[PDB]
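Novice: Structure provided below as structure tokens; questions to follow.
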Amino acid sequence: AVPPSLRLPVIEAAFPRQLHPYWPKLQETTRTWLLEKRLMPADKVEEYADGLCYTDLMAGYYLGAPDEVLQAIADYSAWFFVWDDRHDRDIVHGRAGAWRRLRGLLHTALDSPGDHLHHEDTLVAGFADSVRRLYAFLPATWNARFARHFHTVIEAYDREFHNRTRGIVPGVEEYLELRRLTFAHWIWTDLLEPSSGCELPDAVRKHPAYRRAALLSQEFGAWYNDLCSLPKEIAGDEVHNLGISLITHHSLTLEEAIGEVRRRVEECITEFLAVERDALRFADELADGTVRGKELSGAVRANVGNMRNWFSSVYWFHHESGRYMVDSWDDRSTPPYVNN
Ligand SMILES: CC[N+](CC)(CC)Cc1ccccc1
Ligand SMILES: [Mg+2]
Ligand SMILES: [Mg+2]
Ligand SMILES: [Mg+2]
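Here you go:
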């Protein structure tokens, strides 16, 4: 039973969950990978990894992905959670130098992952391994776009580091802009393409229906994370959360902020339903009788289907994952699964 304040009947009724058939193998393979890359200590991997549901989250999203593509995405995503944890810990412990160096190494590795496969920082080596594998699926033009997007993500994380160190809470619009980067909207959107086996031409992926459907899917995910992770984030002195920006710059109470975030989340769903019709119509138009047209149509249709799957995957992930279960921690400011 989902807590009343977080429950979204529309998701539960109109966005039925899906699960990729590779999930059982995926869960164990990512667990092994976390252990082999030493991204988490062995006993924490044993106690916590499965319960974190990181593979479940990706397997409920990129339906139809080749197993190897799903595996690389899942490893990358688990890495990404561990990076969020590292960033948090560096901030909490005032490790400005260690963060600066990691930030620099990630920019470098992103451009030449092969060279960093056995780097001394296991977090960098893990990143390089997943990124090298992601770069092996589609042409270099897709790789360059992924890299362009992720350079931007790294810098958003740096801005977060400085906000939290300088005690700054972003304004609401400032936050909403930053959140498209810290949640990595365009990375998850990029990864739809290797999942359906086709780098989409700019003309296709920048079609206003495709763009808007892709945006709304990610806005839902980010803002629903904000709604559900708010307790953990308040407990851990995190300042980046739509609710926190509203309490700060619009003078709402906690109750009022939760309500306003919920409303913005619900609106995302019905805005998506409307644009989804246009995106699927676009998918139909691409099927003009030609082989290429059919390829493009099928890929857009699969991608839009997965933009829809993201809603239900993110929704349930927040109620299933140990990551947000702050009520169960002895110290609410220090999640048990992070390296402190
Ligand atoms: C740190 C969390 N994460 C995933 C790695 C980084 C952008 C965003 C996210 C949170 C919850 C669900 C889905 C994505
Ligand atoms: Mg976080
Ligand atoms: Mg974060
Ligand atoms: Mg959060």
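Going letter by letter, the sequence shown gives residues 16 to 355 in PDB author numbering.
Note that CB positions come from ideal geometry on N, CA and C, so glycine has one too.
Would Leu149 and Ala87 be called neighbours here (beta carbons separated by less than 8 angstroms)?
Specialist: Residue 149 sits at position 134 when you count from the first residue of the sequence shown. Residue 87 sits at position 72 when you count from the first residue of the sequence shown. In this structure, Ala87 lies closer than 8 angstroms to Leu149 by Cβ.
Novice: Within 10 angstroms of the Cβ of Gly182, are there 16 or more other Cβ atoms? Answer buried if so, exposed if not.
Specialist: Start at 1 with the first residue of the sequence shown, and residue 182 comes out as number 167. The residue is exposed, with fewer than 16 neighbouring Cβ atoms inside 10 Å.
Novice: Let me check understanding here. Comparing Cα to Cα, which of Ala224, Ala237 and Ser312 lies closest to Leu288?
Specialist: Position 273 of the sequence shown, counted from the start, is the residue given in the question as residue 288. Ranking the options by Cα distance to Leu288, first place goes to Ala224.
Novice: Please find out if some non-hydrogen atom of ligand 2 comes closer than 7 angstroms to the beta-carbon of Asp103.
Specialist: Translated into the one-based positions of the sequence shown, residue 103 becomes position 88. Yes, ligand 2 has a heavy atom inside 7 angstroms of this Cβ.
Novice: Taking 7 angstroms as the cut-off, is the C-beta of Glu248 nearer than that to any heavy atom in ligand 4?
Specialist: Within the sequence shown, the letter at position 233 stands for residue 248. Yes, since a heavy atom of ligand 4 falls inside the 7 angstroms radius drawn around the Cβ of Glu248.
Novice: Could you have a look at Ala151 and say whether DSSP puts it in helix, strand or coil?
Specialist: Counting from one through the sequence shown, the residue named residue 151 turns up at place 136. Coil.
Novice: If you compare alpha carbons, which of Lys247, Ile26 and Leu257 is closest to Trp238?
Specialist: Numbered from its first residue, the sequence shown carries residue 238 at position 223. Closest option to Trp238, Cα to Cα, is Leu257.
Novice: Report the rounded CA-to-CA distance for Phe95 versus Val219, giving the unit in angstroms.
Specialist: Reading the sequence shown from its first residue, position 80 is the one you call residue 95. Reading the sequence shown from its first residue, position 204 is the one you call residue 219. Looking at the two C-alpha atoms, the distance is approximately 28 angstroms.
Novice: Would you check if the segment 228 to 237 and the segment 276 to 286 touch, i.e. whether three or more CB-CB distances between them fall below 8 angstroms?
Specialist: Short answer: they touch.
Novice: Thinking C-alpha only, which one of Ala93, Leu125, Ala80 and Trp344 is nearest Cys213?
Specialist: As a first step, residue 213 is located in the sequence shown; it is residue number 198 there, counting from the start. It is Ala80 whose Cα lies nearest to the Cα of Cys213.
Novice: Report the residue from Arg195, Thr45 and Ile259 whose alpha carbon sits nearest the alpha carbon of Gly141.
Specialist: What you label residue 141 is simply residue 126 of the sequence shown in a count that begins at 1. Ranking the options by Cα distance to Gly141, first place goes to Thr45.
Novice: According to DSSP, simplified to helix, strand and coil, what is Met55?
Specialist: Taking the first residue of the sequence shown as 1, we reach residue 55 at position 40. Of the three classes helix, strand and coil, the one that applies to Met55 here is coil, per DSSP.
Novice: Hey, would you say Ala93 sits closer than 8 angstroms to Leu125, going by beta carbons?
Specialist: For the purposes of this step, residue 93 is taken as the residue at position 78 of the sequence shown. For the purposes of this step, residue 125 is taken as the residue at position 110 of the sequence shown. It is not a contact, given that the beta carbons lie outside the stated cut-off.
Novice: Between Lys247, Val184 and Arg194, which lies nearest to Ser266 when the distance is taken from Cα to Cα?
Specialist: Against the sequence shown, residue 266 aligns to sequence position 251. Taking only the C-alpha atoms, the option nearest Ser266 is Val184.
Novice: In angstroms, rounded to a whole number, what distance separates the CA positions of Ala113 and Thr305?
Specialist: Locating residue 113 in the sequence shown gives position 98, counting from the first residue. Locating residue 305 in the sequence shown gives position 290, counting from the first residue. Their backbone Cα atoms lie some 53 angstroms apart in a straight line.
Novice: Kindly provide the chain-ordered list of residues whose Cβ lies closer than 6 angstroms to any non-hydrogen atom of ligand 3.
Specialist: Cβ atoms closer than 6 angstroms to ligand 3 belong to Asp99 and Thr197.
Novice: Taking 6 angstroms as the limit between beta carbons, can you name the residues of its chain near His102, skipping five residues before and five after?
Specialist: Here residue 102 refers to the residue found at position 87 when the sequence shown is read from its first residue. The residues are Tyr172.
Novice: Is DSSP giving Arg22 helix, strand or coil here?
Specialist: As a first step, residue 22 must be located in the sequence shown, where it is residue number 7. Coil, per DSSP.
Novice: State the DSSP-derived secondary structure class of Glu253, mapped to helix, strand or coil.
Specialist: Counting from 1 along the sequence shown, the entry for residue 253 is found at position 238. If DSSP states are grouped into helix, strand and coil, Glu253 belongs with coil.
Novice: Who are the near neighbours of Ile202 in its chain, counting only those whose CB is closer than 8 angstroms to its CB and skipping five residues on each side?
Specialist: In the sequence shown, the residue the question calls residue 202 occupies position 187. Excluding positions up to five away in sequence, the list reads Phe161, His164, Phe165 and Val168.
Novice: Tell me whether the beta-carbon of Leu121 lies closer than 8 angstroms to the beta-carbon of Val107.
Specialist: The residue labelled residue 121 in the question sits at position 106 within the sequence shown. The residue labelled residue 107 in the question sits at position 92 within the sequence shown. Against a cut-off of 8 angstroms, the Cβ pair of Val107 and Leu121 comes out as no contact.
Novice: Comparing the CB of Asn178 with every heavy atom of ligand 4, is any distance shorter than 7 angstroms?
Specialist: Position 163 of the sequence shown, counting from 1, holds the residue named residue 178. Incorrect: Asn178 has no Cβ contact closer than 7 angstroms to ligand 4.
Novice: Measuring alpha carbon to alpha carbon, tell me which residue in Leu117, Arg347 and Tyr339 is nearest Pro18.
Specialist: To locate residue 18, count along the sequence shown from 1; it is residue 3. It is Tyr339.
Novice: Looking at the structure shown, is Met340 part of a helix, part of a strand, or coil, going by DSSP?
Specialist: Within the sequence shown, the letter at position 325 stands for residue 340. DSSP places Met340 in coil when its eight states are reduced to three.
Novice: Using a Cβ-Cβ cut-off of 6 angstroms (strictly less than) and excluding sequence neighbours within five positions of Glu248, which residues of its own chain qualify?
Specialist: Translated into positions along the sequence shown, residue 248 becomes position 233. Cβ neighbours of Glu248 beyond the five flanking positions: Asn256.
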